[PDB]
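Below you'll find the structure, written out as structure tokens, and then a few comments.
The analysis underlying the following values was restricted to heavy atoms, covering all of them including side chains, and did not include hydrogens, waters or symmetry mates. Counting starts at 1 for both ligands and their atoms, following the listed order. Lettering follows sequence order; numbering is per chain, from 1.
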Amino acid sequence: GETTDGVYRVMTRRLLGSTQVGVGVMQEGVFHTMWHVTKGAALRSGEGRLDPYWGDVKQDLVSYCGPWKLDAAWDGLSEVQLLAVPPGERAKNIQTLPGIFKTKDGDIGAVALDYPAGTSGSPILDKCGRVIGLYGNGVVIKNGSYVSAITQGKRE
Amino acid sequence: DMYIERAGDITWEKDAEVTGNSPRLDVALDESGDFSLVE
Ligand SMILES: O=C(Nc1ccc2c(c1)CNC2)c1cc(Br)cc2[nH]ccc12
């Protein structure tokens, strides 16, 4: 099916109508998404099938057709854009200055933007348009809203 | 059976809507890849 680079919706016809379970990035013939979106299941692109290649529940990432290709990192200072692809709604770039998740194993950038869970897998970009991570794994704060980590994989 | 549909190009947009704050949160990550707030 379609293998052109870009952002894609991940859909399912298992529930009522067509439901968006998440989003992903196609880059270099590899489809990148969050593990919780597909649970490692196979995907269809037109008449073609995309099989999982690599995945990790703790990183909450999965790649299809080949190894993880995205390796750009948030520089720790500049604003970034979340290319949000919400269910039933047009793709829109949202600019923000990331906060920080402080962990026992080091600091990670975090984006304080709240979108429905079917937006999980939307890419976060630097000013060169490089994907520095995916949106959709984070925490719920006092207010009930979401703060996502900027989750990036390793390029072998 | 899950399927994908193209939604757009991946490009930086000049003059995009600017929103959201920048919180510093102490978090923990468990074996199931779930974050929790440490307070
Ligand atoms: O639940 C969400 N994400 C998720 C789900 C399941 C798992 C993980 C992350 C990692 N381990 C398995 C989520 C994502 C977003 Br974009 C907005 C949200 N608002 C409230 C939850 C939420």
Side-chain donor/acceptor of A:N143 to backbone N/O of A:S145, under 3.5 Å:
no
Atom 12 (C) of ligand 1: closest protein heavy atom, distance to 0.1 Å, is B:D34 OD1, 3.4 Å
Contacting atoms of ligand 1, where contact means under 4.0 angstrom from a heavy atom of A:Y115
17 (C)
Among A:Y146, B:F35, A:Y135, whose heavy atom sits nearest atom 22 (C) of ligand 1?
A:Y146
When you compare the side chains of A:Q95 and B:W12, does any donor N or O come within less than 3.5 Å of an acceptor on the partner?
no
For atom 3 (N) of ligand 1, which candidate among A:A149, A:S120, A:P86, A:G136 holds the nearest heavy atom?
A:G136
Is there a donor-acceptor pair under 3.5 Å between the side chain of A:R44 and the backbone N or O of A:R49?
no
Identity and distance of the protein heavy atom lying nearest atom 9 (C) of ligand 1
A:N137 OD1, 3.3 Å
As a check for students: among A:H36, A:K58, A:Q59, identify the option with a heavy atom nearest to atom 5 (C) of ligand 1.
A:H36
Would you please indicate yes or no on a ring centroid separation below 6.0 angstrom for A:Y115 and A:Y146?
no
Identify the two heavy atoms, one from A:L113 and one from B:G20, that lie closest to each other, and give their separation to 0.1 Å.
CD2-CA, 4.0 Å
Ligand 1 versus B:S32, non-hydrogen atoms closer than 4.0 Å: side chain, backbone, both, neither?
backbone
Polar side chain donor-acceptor pair, A:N93 to A:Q81, under 3.5 angstrom:
yes
